[PDB]
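Chain letters run A, B, ... following the sequence lines, proteins first, then strands; residues in each count from 1. Side chains included, hydrogens not; waters and symmetry mates left out as well; all remaining heavy atoms used.
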There are 2 protein chains.
Amino acid sequence: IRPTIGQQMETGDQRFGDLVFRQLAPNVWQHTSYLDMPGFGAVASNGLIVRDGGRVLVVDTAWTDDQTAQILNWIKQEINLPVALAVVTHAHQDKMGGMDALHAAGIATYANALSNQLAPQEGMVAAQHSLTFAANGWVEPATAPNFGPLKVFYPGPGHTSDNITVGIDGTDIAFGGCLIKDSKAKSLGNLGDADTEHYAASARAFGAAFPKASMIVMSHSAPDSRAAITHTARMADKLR
Amino acid sequence: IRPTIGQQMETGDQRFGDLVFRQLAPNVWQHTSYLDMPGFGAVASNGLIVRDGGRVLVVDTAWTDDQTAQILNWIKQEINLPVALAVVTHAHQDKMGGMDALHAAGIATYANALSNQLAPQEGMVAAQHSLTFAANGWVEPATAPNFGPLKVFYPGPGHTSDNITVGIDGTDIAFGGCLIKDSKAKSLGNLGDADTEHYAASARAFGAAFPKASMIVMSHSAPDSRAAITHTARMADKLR
Ligand SMILES: CC1(C)S[C@H]([C@H](NC(=O)[C@H](N)c2ccc(O)cc2)C(=O)O)N[C@H]1C(=O)O
Ligand SMILES: CC1(C)S[C@H]([C@H](NC(=O)[C@H](N)c2ccc(O)cc2)C(=O)O)N[C@H]1C(=O)O
Ligand SMILES: [Zn+2]
Ligand SMILES: [Zn+2]
Ligand SMILES: [Zn+2]
Ligand SMILES: [Zn+2]
Ligand SMILES: [Zn+2]
């Protein structure tokens, strides 16, 4: 409802069960789910839903299996196309807590190989398939077959060592997950698993990988301008 | 000759210019090079040389180009066979400081894709080829072509997020690089770039990957028993 961390609801948001959905482009929506921590309040987390070529592609789970099943039910009601695959952007609960729900639904799942290696240690179910990356950060194409417009980029260690990012070709949208914070953020969030030496370069690498995108989507704020990238990088410069 | 950090010279060590070489098995030698730190003395770093029939394989550079050129000169004098390739075990100076000497010699160089992505940020030159890894840490074989007895394993983040390890097939030797400290060590060394949460599991994963290796080679101590692995993991348990 009214998160302690994460954006508030605004015009253009559709409530569906315990989740919120917002259309960002003709074929792209943002999903938002909430983890209610007793004595603290709710923490919102955002991911994406993309319609491409008669199928739906999901970026990130919700915090829980039940919330992720609700995402799939929203897709069934609003889009009514098969969900071909999901990409999850690192091995933490806000991005991978709902993997079992995707697997039960027959959806193929993909994550950075390192995310799958870390997953059990982080309390997560690993994805079924591992993405690997060139030294320049771009996904190795044979590991990401039939990805439609999704352009998957590993920017380097930052929020975690395994964090990946996703652009949507043909749109104005790029997704930074938990790496990118908004242009008005006062902190970089949870740095407990973070690489404070390399964070700034990784944020800048994300910006340079998706130079055209004007709508920067992220895990814990509303979509922002490219100022979110510059601000995240400058905040991260202070950690070195 | 007498490092402040690293093993001292014992019987069976051959001094060659500024470096020290020790035969570990009929076809395996340890190379040792020294970085003199002003007011502190020398820090030794160890890598390996492996003969595989009519060719030689190298694990890790020395600290500098000139020291690495001396490794190549020792190989020429003592073995007199071509170096087919080198594998470097993460993007820090002790393991990658001499890349330029390998390249000048025409030696094909390999590192974790992440090491190559970090190298420019660490003041290193990237290797010319990238290794990638499965979700259980084993190298993808197509990325390690014609590696002979070198069995490359990524154990998870520990000393750094990119650290890799190498078993020598057909021997009882496995190389832990800077991840593993000796059985008598009191500290884990430089933890500035370390993953303190995952270190213990990564050290144990290295041991489980090479369960019959009885001689554990590491960057800054003489070859040790498997107690190097178990003691490293025990110290790392304390970081969590
Ligand atoms: C919004 C954050 C500060 S929390 C989240 C994440 N942690 C969890 O998913 C944990 N499971 C968790 C545990 C307790 C709790 O109350 C809430 C979350 C992380 O550690 O990165 N991402 C962060 C970020 O993007 O900065
Ligand atoms: C033996 C260590 C403690 S230093 C080495 C490495 N650092 C360097 O290569 C740096 N270039 C460097 C900078 C200043 C200096 O005085 C010496 C070395 C690292 O940071 O991991 N590996 C460590 C380890 O294995 O624990
Ligand atoms: Zn996270
Ligand atoms: Zn987050
Ligand atoms: Zn963690
Ligand atoms: Zn190091
Ligand atoms: Zn070292």
Side-chain angles (χ1 to χ4, degrees), chain A residues 3-7 35 37 40-47 60 63 88-97 111-112 114-115 117-119 121-124 137 153-165 175-207 216-221 224 227-240, chain B residues 90-92 114 117-118 121-122 156-163 188 190-202 236 238-240:
Chain A
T4 298
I5 285 173
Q7 75 283 347
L35 182 66
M37 287 327 237
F40 176 83
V43 183
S45 183
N46 303 324
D60 289 339
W63 297 93
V88 298
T89 61
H90 67 281
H92 279 163
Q93 190 189 5
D94 48 351
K95 315 281 84 188
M96 308 174 69
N112 186 353
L114 179 60
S115 302
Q117 191 166 4
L118 291 174
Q121 302 174 68
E122 293 297 313
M124 321 279 121
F153 181 72
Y154 172 64
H159 168 74
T160 57
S161 59
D162 60 318
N163 61 20
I164 63 170
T165 64
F175 181 71
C178 305
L179 178 72
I180 301 300
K181 311 312 175 165
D182 70 278
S183 59
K184 309 254 226 283
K186 291 295 185 67
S187 93
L188 289 168
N190 192 356
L191 293 171
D193 287 13
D195 181 336
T196 62
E197 171 57 23
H198 302 118
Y199 204 131
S202 295
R204 289 188 173 98
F206 166 77
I216 306 306
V217 180
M218 81 207 69
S219 292
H220 305 295
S221 317
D224 204 359
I229 308 170
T230 311
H231 183 59
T232 294
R234 292 174 191 173
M235 271 206 292
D237 283 339
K238 301 183 207 52
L239 323 157
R240 305 182 68 236
Chain B
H90 68 279
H92 277 164
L114 180 56
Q117 191 168 6
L118 293 176
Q121 309 176 62
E122 292 292 324
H159 168 75
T160 57
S161 54
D162 63 318
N163 50 34
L188 289 167
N190 191 1
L191 291 176
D193 276 5
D195 182 335
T196 58
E197 185 191 2
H198 301 123
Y199 202 130
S202 297
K238 295 327 153 203
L239 309 173
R240 309 185 66 229

**Prompt:** Does some side-chain heavy atom of A/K95 sit less than 4.5 Å from a side-chain heavy atom of A/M124?
**Reply:** no
**Prompt:** Could you state the interatomic distance from NE2 (B/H159) to CG (B/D195), rounded to the nearest 0.5 Å?
**Reply:** 12.5 Å
**Message:** Check whether A/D162 reaches the backbone of A/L114 with its side chain - one donor and one acceptor, N or O, closer than 3.5 Å.
**Reply:** no
**Prompt:** Above 12 or not: heavy atoms from other molecules or residues under 6.0 Å from NZ of A/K184?
**Reply:** no
**Item:** Derivation and outcome, side chain to side chain contact (heavy atoms under 4.5 Å, CB included), residues A/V43 and A/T4
**Value:** CA-CA 6 Å; A/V43 183; A/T4 298; 5.7 Å; no
**Prompt:** If only atom types and distance count, is the side chain of A/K181 paired as donor or acceptor with the main-chain N or O of A/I229 below 3.5 Å?
**Reply:** no
**Message:** So A/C178 and A/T160, do their side chains get closer than 4.5 Å, heavy atoms only?
**Reply:** no
**Request:** For side chain to side chain contact (heavy atoms under 4.5 Å, CB included), just list the numbers for A/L118 and A/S161, CA-CA rounded to whole Å, side-chain angles, deciding distance to a tenth of an Å, and then say yes or no.
**Result:** CA-CA 10 Å; A/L118 291 174; A/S161 59; 4.0 Å; yes
**Message:** Could you measure the distance from the CG atom of A/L179 to the CG atom of A/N163? Nearest 0.5 Å is fine.
**Reply:** 5.0 Å
**Request:** Output all residues satisfying side chain to side chain donor-acceptor pair (under 3.5 Å) with A/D94, sequence neighbours left out; order by chain, then residue number.
**Result:** A/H220
**Message:** Could you measure the distance from the CD1 atom of A/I180 to the CE atom of A/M218? Nearest 0.5 Å is fine.
**Reply:** 7.5 Å
**Prompt:** Taking A/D182 for the side chain and A/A228 for the main chain, is one N or O donor matched with an acceptor at less than 3.5 Å?
**Reply:** no
**Prompt:** Are the side chain of B/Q121 and the backbone N or O of B/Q117 linked by a donor-acceptor pair below 3.5 Å?
**Reply:** yes
**Asked** If you round to the nearest 0.5 Å, how far is CD1 of A/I5 from CZ of A/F40?
**Response** 4.0 Å
**Prompt:** Do you see a donor-acceptor pair shorter than 3.5 Å between the side chains of A/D193 and A/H92?
**Reply:** yes
**Request:** Look up atom CZ in A/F206 and atom OG1 in A/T232, then write down how far apart they are to the nearest 0.5 Å.
**Result:** 9.0 Å
**Message:** To the closest 0.5 Å, what do you measure between CZ (A/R234) and CZ (A/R204)?
**Reply:** 7.5 Å
